[PDB]
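K.L.:
Here you go, one structure.
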Amino acid sequence: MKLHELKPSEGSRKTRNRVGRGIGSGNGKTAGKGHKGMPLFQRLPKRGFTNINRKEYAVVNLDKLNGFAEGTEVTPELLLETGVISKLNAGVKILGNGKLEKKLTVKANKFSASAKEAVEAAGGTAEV
Amino acid sequence: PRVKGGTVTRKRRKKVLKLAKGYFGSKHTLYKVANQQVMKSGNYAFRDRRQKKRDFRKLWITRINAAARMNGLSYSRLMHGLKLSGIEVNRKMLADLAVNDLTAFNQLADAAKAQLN
Amino acid sequence: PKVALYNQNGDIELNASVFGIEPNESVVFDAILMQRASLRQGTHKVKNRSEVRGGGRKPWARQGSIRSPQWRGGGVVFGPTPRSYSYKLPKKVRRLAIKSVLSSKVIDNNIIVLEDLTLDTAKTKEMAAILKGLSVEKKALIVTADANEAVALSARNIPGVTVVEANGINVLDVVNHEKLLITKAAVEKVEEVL
RNA sequence: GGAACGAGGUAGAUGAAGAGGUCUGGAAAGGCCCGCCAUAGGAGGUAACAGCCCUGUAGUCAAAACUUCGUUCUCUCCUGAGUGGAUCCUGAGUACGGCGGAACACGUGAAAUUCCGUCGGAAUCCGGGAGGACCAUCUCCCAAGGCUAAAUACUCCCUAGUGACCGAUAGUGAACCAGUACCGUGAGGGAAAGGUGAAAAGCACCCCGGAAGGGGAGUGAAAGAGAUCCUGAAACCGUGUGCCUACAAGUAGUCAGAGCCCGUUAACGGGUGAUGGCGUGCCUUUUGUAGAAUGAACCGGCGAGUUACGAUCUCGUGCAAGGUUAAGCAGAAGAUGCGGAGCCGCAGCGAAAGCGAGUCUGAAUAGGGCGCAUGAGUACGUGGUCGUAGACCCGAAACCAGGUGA
RNA sequence: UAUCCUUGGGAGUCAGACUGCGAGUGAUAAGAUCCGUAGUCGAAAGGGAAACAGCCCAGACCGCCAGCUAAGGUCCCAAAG
RNA sequence: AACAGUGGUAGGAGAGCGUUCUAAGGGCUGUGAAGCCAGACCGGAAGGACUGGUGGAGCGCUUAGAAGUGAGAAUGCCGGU
RNA sequence: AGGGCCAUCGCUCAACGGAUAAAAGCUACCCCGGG
């Protein structure tokens, strides 16, 4: 690329609509604003309370183990390194949405009941 | 950056005050008043031109209506008789130019008179 | 990736996945603006209706203040504010642009590889004669991997030239000069960062 | 407690290479044609645009005297560790009790906590306090004595330097003998005003006149450059001269149109126009204007949708079930590296416990609510609105605090 | 004949006026008021009603010294018996 | 290429011209730049050129980019008449 | 302890889509935006 001919991308730039400069462009005199220019949420009652300590573990579609090399020593500190989980919080929960493939050692805080059998069917271990 | 922009208002205000050259009085030196007259000048020119097309047709009638009145025929018995007797789409302004002569203009009246009877 | 080798008086193969990429010239337009905006400084501070050493008394149309902006001294309701004109690209977009500007000059027979660029002293006469041998009439670039003081001090006066290290090449350096001399040892180190 | 040693600061010294040739010019720094130095083509001057014309810059070296930092001697002062386990202390109107207040994001409440007064009042290693009223359990920690640098905040100033800053209605109120001239008893308010030329070479003399101010002559490249003086616009005031004008009712124009008078970015030209037709100024505001509804004496300058931080939306770009770093450090106040703390997404429902491709509701495996099933975000950039900030400009009466005046 | 639904972005408007139909208030008084249907004006010039925001006729992209018609008209001002 | 269309305020969308500065190249200028004054030229508009006179040292083109961005109206302000 | 979640009470809020728990005239020589 040379520095003379810097053609931008089409539609990547736009000129500013400058408001109030002359009647020909539109927005001429009144500047696009025209001449002389209980709510609902204060009728809906509040909803119980909130818990001071909710424990939300990291959940991963059963389908996250379908893209891994071999079901062995699948510890959460390897889930967090490769980054299938973006952040370890309280615990790592496994969900039973999806189909499994081979056997893979799983180490999780909790387990769904439908998620428990699908690793127990492929040949994996569920160590909590 | 600050943009002064004093040099672009000289050239724009001159181009109005050239178009107002020849007007009476203070209406050809003052920008506040000449700009009110170049506007009403262009607006009057649009109407003048449109009225000029319907005027000259008003002129060509009153010469045909006199040149035919030498032979007893009025304009009505002429125009109406020239659209049935024969095929002569002679234009109002085109026929008025040939109305000056006795002979060429009367040659149509005689033909229309024969078709009128 | 088949540029020839030069050596003062007197062909190699570079990473084709670095120096032989098809360019993406949209990524070279926005990348230049991000490197040019930072250059500017933005130190223009104008005065306002409240920062003028002026009155607050209604003097006598209405005109409740003397230094209101429709008067003769003291205006600029909005004016230029000293801000920051430097935004950030995502990292791969910064990485893609340096590959695109280098690969473009491979095609145009513009890059020239040297072997280690050894000088005798910091003389400009010896450096000026070296430029004639390589026929670089307008601006150039000299990229050296170890920041030799000799070459750097011998090419700081000639107007079109500009010396710099290999860990500090960026977009407006290479896009501005249209000829560039690299030491062959520096060709490795640009591949390692990207 | 003192002297050495080194680095600076406050004054400076040194410093490379063309009268190149020729043209035009009042004058070469320009053109044309030829060289040179460069750790030095950053600047500023010079009769017009200098790399080699000066003053300078890079570089290396310098301060007797003052200081500002460090390095070093001298000087100055100087016990630590066990082991026991018999008695003492370990910081009192104090910790806490009541009343009344006040401050913590918290408005006296469910409410610790802190600090005031006001009244009472302890305990002291087997001891004491805390862990959001309170009580047991349990972990951490010793109150009521005092000291302490660094990393941080802002600058009237002082050198060195920058601008996608302004260039005389701007920029500070002030480029000029400016907080001055003036206004006010006073507190206070508060302007206007830049440019001869490369130099004074700033008009000897002669003429008119009382002098001003002229007309010649001289200087000068230019006197149309002669002291408020570069350039010199428009309003306004005039003097010449082509064509109309003393029976004519007119938002003053436009279209038709002779007649005379001129020759042009040569073109279906230019300037006037006797006479005929049509024709209720401009902006604002209103159901609506010619209005007697509002505004402008005219000319010239100045004079109104901005920027931060958020929110959302479209387009472009990068990567994509994964994208992205912040502060900070190394870097010409720059790009770029490096930083994986954090954020958004990848699956929800429920008040929550919770369970989960479903889950709440309910005797319910019913019905229904929501949700997948049918899945694309994210980071930057432009742009469109909405927020919060004086928020688009201009425009009150009053209010409070601190002051000046019989 | 070619429109209208859905989501999404941006709005403006919220005392309308009079002319042709049956009322109400009023005195079937009012360029009065308030209704409802249609029109025009609002935001629409051109032709006609002597002049006329709303009535009758018709919708202006711009040129032309072209033609045919609409309402209304044809002694003269003023085109046409 | 044939058919259809083009009144218009609030308001929505799209395409453009100018001004100062900055970056890249390319190039006018003392044999006369900006500015100022005329003129019967060119473009659908905002606007561009070209000769002539004054002027006596700077300016412009192409592609981009940033805005203190474009005046006839404020019982606007300052100057001049 | 206290709150959530269901059953249930207290409103003439009567200026009934409910400005706060709480609230009168007054004065013109009147201050001021408007006919």
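Labeling convention for the structure tokens: chains A, B, ... as they appear, residues from 1 per chain, ligands from 1 in order of appearance.
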Give one line per residue of chain E that approaches chain B to at most 8 Å, naming the two atoms of the closest pair and their distance in Å to one decimal, counting only C-alpha atoms (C1' of nucleotides); sort by chain then ascending residue number and deliver it as a Markdown table.
P.N.:
```
| residue | atom | partner | partner_atom | distance |
| --- | --- | --- | --- | --- |
| E:65 | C1' | B:56 | CA | 6.7 |
| E:66 | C1' | B:91 | CA | 7.3 |
| E:79 | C1' | B:58 | CA | 5.6 |
| E:80 | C1' | B:76 | CA | 7.6 |
| E:81 | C1' | B:76 | CA | 7.5 |
```
K.L.:
Selection from above, C-alpha atoms (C1' of nucleotides), as a PDB file, in the first residue's frame, can you write it?
P.N.:
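Full text of result_8.pdb as output:
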```pdb
ATOM      1  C1'   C E  65     -42.921  33.013 -30.971  1.00  0.00           C
ATOM      2  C1'   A E  66     -46.721  24.440 -31.235  1.00  0.00           C
ATOM      3  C1'   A E  79     -58.903  36.623 -26.535  1.00  0.00           C
ATOM      4  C1'   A E  80     -63.443  34.817 -29.021  1.00  0.00           C
ATOM      5  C1'   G E  81     -70.731  34.924 -32.682  1.00  0.00           C
TER       6        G E  81
END
```
K.L.:
Going by DSSP on the backbone, which residues of chain A come out as helix (DSSP H, G or I)? List them as a list in words.
P.N.:
residues 23, 24, 25, 40, 41, 42, 62, 63, 64, 76, 77, 78, 79, 80, 81, 82, 113, 114, 115, 116, 117, 118, 119, 120, 121 and 122 of chain A
K.L.:
Compare F:32, F:79, F:44, F:27 by their minimum atom-to-atom distance to residue 57 in chain F, counting only C-alpha atoms (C1' of nucleotides), and give me the closest one.
P.N.:
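Counting only C-alpha atoms (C1' of nucleotides), the residue closest to residue 57 in chain F is F:32.
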K.L.:
Compute the set of chain A residues within 8 Å of chain D, using only C-alpha atoms (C1' of nucleotides), and express it as number ranges by chain.
P.N.:
A: 9-16, 19-20, 47-51, 95-97, 112
K.L.:
Which residues come within 12 Å of residue 7 in chain D, counting only C-alpha atoms (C1' of nucleotides), excluding same-chain residues fewer than 3 positions away, as a ChimeraX atom specification?
P.N.:
/D:68-71
K.L.:
Can I get the selected residues back with C-alpha atoms (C1' of nucleotides), as a PDB file, in the first residue's frame?
P.N.:
```pdb
ATOM      1  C1'   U D  68      22.986  19.915  45.121  1.00  0.00           C
ATOM      2  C1'   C D  69      23.778  14.847  45.339  1.00  0.00           C
ATOM      3  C1'   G D  70      26.135  10.347  46.072  1.00  0.00           C
ATOM      4  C1'   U D  71      31.094   7.014  47.270  1.00  0.00           C
TER       5        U D  71
END
```
K.L.:
Could you pull the residues within 12 Å of residue 338 in chain D, counting only C-alpha atoms (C1' of nucleotides), minus those fewer than 6 positions along the same chain, as an MDAnalysis selection string?
P.N.:
(chainID C and resid 193) or (chainID D and resid 325 328:330)
K.L.:
Using only C-alpha atoms (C1' of nucleotides), please write the residues we just selected to a file, as a PDB file, in the first residue's frame.
P.N.:
```
ATOM      1  CA  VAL C 193       7.471 -11.765  17.280  1.00  0.00           C
TER       2      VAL C 193
ATOM      3  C1'   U D 325      -6.910  -7.448  28.161  1.00  0.00           C
ATOM      4  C1'   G D 328       2.068  -0.986  35.274  1.00  0.00           C
ATOM      5  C1'   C D 329       7.131  -1.922  33.484  1.00  0.00           C
ATOM      6  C1'   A D 330      10.862  -1.574  28.967  1.00  0.00           C
TER       7        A D 330
END
```
K.L.:
Residues of chain C within 8 Å of chain F, using only C-alpha atoms (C1' of nucleotides), as a PyMOL selection string?
P.N.:
chain C and resi 61+70-72+76+78-80+176
K.L.:
Grab the residues selected above and save them as a PDB file, in the first residue's frame with C-alpha atoms.
P.N.:
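Output contents, as saved in out_21.pdb:
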```pdb
ATOM      1  CA  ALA C  61     -31.746  43.924  24.362  1.00  0.00           C
ATOM      2  CA  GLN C  70     -22.450  36.773  21.618  1.00  0.00           C
ATOM      3  CA  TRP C  71     -20.226  39.654  22.722  1.00  0.00           C
ATOM      4  CA  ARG C  72     -16.811  40.906  21.604  1.00  0.00           C
ATOM      5  CA  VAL C  76     -16.269  29.851  22.529  1.00  0.00           C
ATOM      6  CA  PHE C  78     -17.812  24.664  23.136  1.00  0.00           C
ATOM      7  CA  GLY C  79     -14.350  24.882  21.589  1.00  0.00           C
ATOM      8  CA  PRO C  80     -11.501  22.337  21.416  1.00  0.00           C
ATOM      9  CA  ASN C 176       6.631   5.590   4.003  1.00  0.00           C
TER      10      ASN C 176
END
```
K.L.:
Do a neighbour search on residue 19 in chain F at 10 Å with only C-alpha atoms (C1' of nucleotides), toss out local chain neighbours closer than 5 positions, and write the hits as number ranges by chain.
P.N.:
B: 3-8; F: 69-70
K.L.:
Take the residues just selected and output them with N, CA and C atoms (P, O5', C5', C4', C3', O3' and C1' of nucleotides) as a PDB file, in the first residue's frame.
P.N.:
```pdb
ATOM      1  N   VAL B   3     -11.111  28.493  12.059  1.00  0.00           N
ATOM      2  CA  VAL B   3     -11.274  28.852  10.659  1.00  0.00           C
ATOM      3  C   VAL B   3     -11.931  30.219  10.617  1.00  0.00           C
ATOM      4  N   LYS B   4     -11.174  31.220  10.163  1.00  0.00           N
ATOM      5  CA  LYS B   4     -11.697  32.575  10.060  1.00  0.00           C
ATOM      6  C   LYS B   4     -12.829  32.646   9.049  1.00  0.00           C
ATOM      7  N   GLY B   5     -12.519  32.387   7.784  1.00  0.00           N
ATOM      8  CA  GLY B   5     -13.519  32.384   6.737  1.00  0.00           C
ATOM      9  C   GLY B   5     -14.117  33.746   6.474  1.00  0.00           C
ATOM     10  N   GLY B   6     -13.271  34.729   6.207  1.00  0.00           N
ATOM     11  CA  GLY B   6     -13.772  36.030   5.828  1.00  0.00           C
ATOM     12  C   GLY B   6     -13.726  36.218   4.328  1.00  0.00           C
ATOM     13  N   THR B   7     -12.921  35.405   3.653  1.00  0.00           N
ATOM     14  CA  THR B   7     -12.699  35.555   2.224  1.00  0.00           C
ATOM     15  C   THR B   7     -13.741  34.864   1.367  1.00  0.00           C
ATOM     16  N   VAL B   8     -14.590  34.019   1.950  1.00  0.00           N
ATOM     17  CA  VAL B   8     -15.578  33.302   1.159  1.00  0.00           C
ATOM     18  C   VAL B   8     -16.907  34.035   1.140  1.00  0.00           C
TER      19      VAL B   8
ATOM     20  P     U F  69     -16.928  26.014  14.288  1.00  0.00           P
ATOM     21  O5'   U F  69     -15.960  26.448  13.109  1.00  0.00           O
ATOM     22  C5'   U F  69     -15.611  25.533  12.081  1.00  0.00           C
ATOM     23  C4'   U F  69     -16.196  25.945  10.761  1.00  0.00           C
ATOM     24  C3'   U F  69     -17.705  26.127  10.789  1.00  0.00           C
ATOM     25  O3'   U F  69     -18.114  27.185   9.943  1.00  0.00           O
ATOM     26  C1'   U F  69     -17.134  24.404   9.274  1.00  0.00           C
ATOM     27  P     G F  70     -19.419  28.026  10.337  1.00  0.00           P
ATOM     28  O5'   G F  70     -19.629  28.957   9.071  1.00  0.00           O
ATOM     29  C5'   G F  70     -18.681  28.930   8.012  1.00  0.00           C
ATOM     30  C4'   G F  70     -19.299  29.265   6.681  1.00  0.00           C
ATOM     31  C3'   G F  70     -20.755  29.700   6.723  1.00  0.00           C
ATOM     32  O3'   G F  70     -20.988  30.603   5.649  1.00  0.00           O
ATOM     33  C1'   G F  70     -20.560  27.769   5.407  1.00  0.00           C
TER      34        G F  70
END
```
K.L.:
Check every residue of chain C for an atom within 8 Å of chain D, counting only C-alpha atoms (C1' of nucleotides), and provide those that qualify as a PyMOL selection string.
P.N.:
chain C and resi 26-27+30+35+38-45+53-55+62-64+69-73+78-79+81+88-90+92-93+122+124-125+153-154+157-159+167-171
K.L.:
For chain D, report every residue with an atom at most 12 Å from chain B (counting only C-alpha atoms (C1' of nucleotides)), formatted as JSON, numbers by chain.
P.N.:
{"D": [164, 165, 166, 167, 169, 170, 171, 233, 234, 235, 236, 251, 252, 253, 254, 255, 256, 271, 272, 273, 276, 277, 278, 279, 281, 282, 283, 296, 297, 298, 299, 300, 301, 302]}
K.L.:
Using only C-alpha atoms, tabulate the residues of range 123-160 of chain C lying at most 12 Å from any atom of range 102-115 of chain C, each with its closest atom pair and that distance in Å to one decimal, by chain and increasing residue number, as CSV.
P.N.:
```
residue,atom,partner,partner_atom,distance
C:130,CA,C:114,CA,11.4
C:131,CA,C:112,CA,11.8
C:134,CA,C:112,CA,8.6
C:135,CA,C:112,CA,10.8
C:136,CA,C:110,CA,10.1
C:140,CA,C:111,CA,10.0
C:141,CA,C:111,CA,9.7
C:142,CA,C:114,CA,9.8
C:143,CA,C:114,CA,9.8
C:144,CA,C:114,CA,9.8
C:145,CA,C:115,CA,11.4
```
K.L.:
Determine, counting only C-alpha atoms (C1' of nucleotides), which protein, DNA and RNA residues have an atom within 7 Å of an atom of range 127-136 of chain D; residues of the same chain fewer than 3 positions away are not included. Present the result as number ranges by chain.
P.N.:
D: 110-112, 124; G: 1
K.L.:
When distances are computed from only C-alpha atoms, which of A:64, A:7, A:18, A:43 shows the smallest separation from chain C?
P.N.:
A:7
K.L.:
Counting only C-alpha atoms (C1' of nucleotides), give me one row per residue of chain G with an atom at most 9 Å from an atom of chain A, showing the shortest contact pair and its distance in Å to one decimal, sorted by chain then residue number, as a Markdown table.
P.N.:
```
| residue | atom | partner | partner_atom | distance |
| --- | --- | --- | --- | --- |
| G:3 | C1' | A:49 | CA | 7.7 |
| G:4 | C1' | A:48 | CA | 4.9 |
| G:5 | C1' | A:48 | CA | 7.3 |
| G:17 | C1' | A:38 | CA | 7.4 |
```
K.L.:
Which residues come within 10 Å of range 33-37 of chain E, counting only C-alpha atoms (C1' of nucleotides), excluding same-chain residues fewer than 4 positions away, as a PDB file with C-alpha atoms (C1' of nucleotides), in the first residue's frame?
P.N.:
```
ATOM      1  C1'   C E  21     -75.723  16.834   4.402  1.00  0.00           C
ATOM      2  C1'   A E  23     -79.112  17.381  15.260  1.00  0.00           C
ATOM      3  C1'   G E  24     -77.642  19.273  20.372  1.00  0.00           C
ATOM      4  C1'   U E  25     -76.689  24.254  23.335  1.00  0.00           C
ATOM      5  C1'   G E  26     -78.856  28.800  21.528  1.00  0.00           C
TER       6        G E  26
END
```
K.L.:
Listing only residues of range 6-43 of chain A within 12 Å of range 9-19 of chain E, what is the closest atom pair and its distance in Å (to one decimal) for each, using only C-alpha atoms (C1' of nucleotides), sorted by chain and residue number ascending, as JSON lines?
P.N.:
```
{"residue": "A:30", "atom": "CA", "partner": "E:12", "partner_atom": "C1'", "distance": 11.9}
{"residue": "A:32", "atom": "CA", "partner": "E:11", "partner_atom": "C1'", "distance": 9.1}
{"residue": "A:33", "atom": "CA", "partner": "E:12", "partner_atom": "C1'", "distance": 8.3}
{"residue": "A:34", "atom": "CA", "partner": "E:12", "partner_atom": "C1'", "distance": 6.9}
{"residue": "A:35", "atom": "CA", "partner": "E:12", "partner_atom": "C1'", "distance": 9.3}
{"residue": "A:36", "atom": "CA", "partner": "E:13", "partner_atom": "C1'", "distance": 11.1}
{"residue": "A:37", "atom": "CA", "partner": "E:12", "partner_atom": "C1'", "distance": 10.0}
```
K.L.:
Would you mind exporting N, CA and C atoms of the selected residues as a PDB file, in the first residue's frame?
P.N.:
```pdb
ATOM      1  N   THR A  30     -35.231  24.727  12.436  1.00  0.00           N
ATOM      2  CA  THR A  30     -35.618  24.171  13.720  1.00  0.00           C
ATOM      3  C   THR A  30     -34.792  22.965  14.103  1.00  0.00           C
ATOM      4  N   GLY A  32     -34.110  19.927  13.270  1.00  0.00           N
ATOM      5  CA  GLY A  32     -34.547  18.557  13.417  1.00  0.00           C
ATOM      6  C   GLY A  32     -35.272  18.261  14.703  1.00  0.00           C
ATOM      7  N   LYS A  33     -35.764  19.281  15.397  1.00  0.00           N
ATOM      8  CA  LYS A  33     -36.462  19.071  16.651  1.00  0.00           C
ATOM      9  C   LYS A  33     -37.896  19.558  16.648  1.00  0.00           C
ATOM     10  N   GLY A  34     -38.304  20.357  15.677  1.00  0.00           N
ATOM     11  CA  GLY A  34     -39.686  20.762  15.577  1.00  0.00           C
ATOM     12  C   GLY A  34     -40.073  21.830  16.585  1.00  0.00           C
ATOM     13  N   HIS A  35     -41.235  22.419  16.349  1.00  0.00           N
ATOM     14  CA  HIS A  35     -41.700  23.541  17.147  1.00  0.00           C
ATOM     15  C   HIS A  35     -42.202  23.066  18.500  1.00  0.00           C
ATOM     16  N   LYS A  36     -41.641  23.646  19.564  1.00  0.00           N
ATOM     17  CA  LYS A  36     -42.096  23.486  20.950  1.00  0.00           C
ATOM     18  C   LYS A  36     -42.077  22.023  21.396  1.00  0.00           C
ATOM     19  N   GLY A  37     -40.878  21.456  21.413  1.00  0.00           N
ATOM     20  CA  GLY A  37     -40.643  20.196  22.075  1.00  0.00           C
ATOM     21  C   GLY A  37     -40.067  20.429  23.459  1.00  0.00           C
TER      22      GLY A  37
END
```
K.L.:
For CA of residue 118 in chain A and CA of residue 99 in chain A, quote the distance in Å rounded to one decimal.
P.N.:
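Pair CA of residue 118 in chain A / CA of residue 99 in chain A returns 7.6 Å.
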K.L.:
Assign secondary structure with DSSP using the backbone only, and return the residues of range 20-83 of chain A in strand (DSSP E or B) as a list in words.
P.N.:
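Filtering range 20-83 of chain A down to strand (DSSP E or B) leaves residues 58, 59, 60 and 74 of chain A.
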K.L.:
From the list C:175, C:187, C:181, C:31, which residue is nearest residue 95 in chain C when using only C-alpha atoms?
P.N.:
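Under the stated criterion, the closest residue is C:31.
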